[PDB]
Amino acid sequence: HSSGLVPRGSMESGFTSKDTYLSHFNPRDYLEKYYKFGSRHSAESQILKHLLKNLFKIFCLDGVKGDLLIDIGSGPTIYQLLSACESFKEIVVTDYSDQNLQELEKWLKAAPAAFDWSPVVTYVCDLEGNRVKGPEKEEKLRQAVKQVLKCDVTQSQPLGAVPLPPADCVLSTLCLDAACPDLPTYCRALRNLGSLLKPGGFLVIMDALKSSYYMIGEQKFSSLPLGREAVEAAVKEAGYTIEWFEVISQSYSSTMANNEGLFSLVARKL
Ligand SMILES: NC(=O)c1cccc(CCCN(CC[C@H](N)C(=O)O)C[C@H]2O[C@H](n3cnc4c(N)ncnc43)[C@H](O)[C@@H]2O)c1
């Protein structure tokens with residue numbers, strides 16, 4: 001190990017190897033650190049609230065809706081699906097980490113040991129006009145998630161041989177920066193994601209800007225430090241047209257990530 005001198009699993013290649021996500025990425029430590037939502041005025045909670053409003057705006061105010069949505073790099077989180085659940089009949093959650101998928105399946109089973117998303121759920125229910133309350137919202141999402149799949153964005157077939165309909169939308173929050181060691185892999189990963197999408201289908205990405213790493217407690221993982229111009233260039237080259245692109249100044253605490261804000265985009269496959 002490098003003891004923080006360099007991200008974990010990065011000493012040789014310069015970027016966290018994916019094996020590291022099967023060894024040192026602890027979903028409970030990640031959820032505890034980033035999605036606790038116990039104090040709203042934290043840097044973490046401020047970021048999450050902005051992500052939720054955008055996902056709410058994308059799926060419930062805009063037209064982004066359809067039959068199948070595939071979430072790419074879900075990790076152990078479900079916040080990114082609460083609003084999409086209202087406009088998509090079927091949701092497929094995917095990640096590279098088996099530990100993350102296990103943590104997800106625990107929440108889908110509503111196991112008592114699963115993570116408590118209750119305050120995040122309540123926030124989304126208030127965004128959507130309080131038509132329902134927390135427990136009813138959670139159950140609607142639990143029924144929408146039809147598949148929990150292994151995923152690798154660096155592969156031509158990110159979901160392997162699992163057959164799926166062409167999706168109406170592909171969603172990916174906070175994953176591509178962590179998964180792609182360079183800009184060519186990033187652009188190819190966006191092309192790989194397009195293999196799951198209908199022509200003219202929607203692509204929704206939210207990720208950090210200009211971040212070289214993120215922390216889970218004392219564990220450092222690599223992130224690809226993209227600027228807005230680089231993201232825009234990679235999205236267009238991968239075969240999409242951008243519908244809207246938003247950049248926010250809000251950052252994670254320097255103790256958790258070295259990002260300079262976040263971006264949010266909706267694109268369509270040309
Ligand atoms: N970049 C930063 O600064 C920054 C800022 C804040 C937080 C973070 C950590 C993000 C952790 N998850 C996001 C989970 C969820 N969507 C969510 O929103 O939190 C990344 C997930 O994707 C990883 N992954 C790595 N290789 C992957 C591959 N080949 N295929 C698919 N997945 C891959 C892991 O599996 C993670 O589960 C980074």
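Any value given below was found using the heavy atoms of this structure, including those in side chains, with hydrogens, waters and symmetry copies removed. FYI, the numbering just counts along the sequence from 1. One-based numbering, in listed order, for ligands and for the atoms of each.
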Is it the case that more than 12 heavy atoms not belonging to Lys33 sit under 6.0 Å from its NZ atom? no

Please check whether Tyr21 reaches ligand 1 - meaning an N/O of the residue sits under 3.5 Å from an N/O of the ligand, judged on distance alone. no

Would you give the length of the straight line joining atom NZ of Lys198 to atom NZ of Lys269, rounded to the nearest 0.5 angstrom? 11.5 Å

With a 4.0 Å cut-off on heavy atoms, is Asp152 in contact with ligand 1? yes

To which of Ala189, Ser223, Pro225, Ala179 does the heavy atom nearest atom 24 (N) of ligand 1 belong? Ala179

Under 4.0 Å from a heavy atom of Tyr79: which atoms of ligand 1 are those, numbered in the order shown and with their elements? 17 (C), 18 (O)

Of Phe25, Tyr96, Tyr35, the one whose closest heavy atom lies nearest atom 17 (C) of ligand 1 is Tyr35

Please check if atom CD in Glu237 has more than 12 non-hydrogen atoms from other residues, nucleotides or ligands closer than 6.0 Å. no

Out of all atoms in ligand 1, which are within 4.0 Å of some heavy atom of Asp95? Include the element for each. 21 (C), 22 (O), 34 (C), 35 (O), 36 (C), 37 (O)

Using distance alone, decide if ligand 1 has a nitrogen or oxygen within less than 3.5 Å of any nitrogen or oxygen in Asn100. yes

Purely on distance, is any nitrogen or oxygen of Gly73 under 3.5 Å from one on ligand 1? yes

Pairs of nitrogen or oxygen atoms closer than 3.5 Å, one from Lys18 and one from ligand 1: do any exist? no

Min over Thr16, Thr173, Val93 of heavy-atom distance to atom 16 (N) of ligand 1 lands on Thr173

Taking N or O atoms only and a 3.5 Å limit, does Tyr34 qualify as a polar contact for ligand 1? no

Ligand 1 atoms nearer than 4.0 angstrom to some heavy atom of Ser211 are 2 (C), 3 (O)

Contacting atoms of ligand 1, where contact means under 4.0 angstrom from a heavy atom of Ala208: 2 (C), 3 (O)

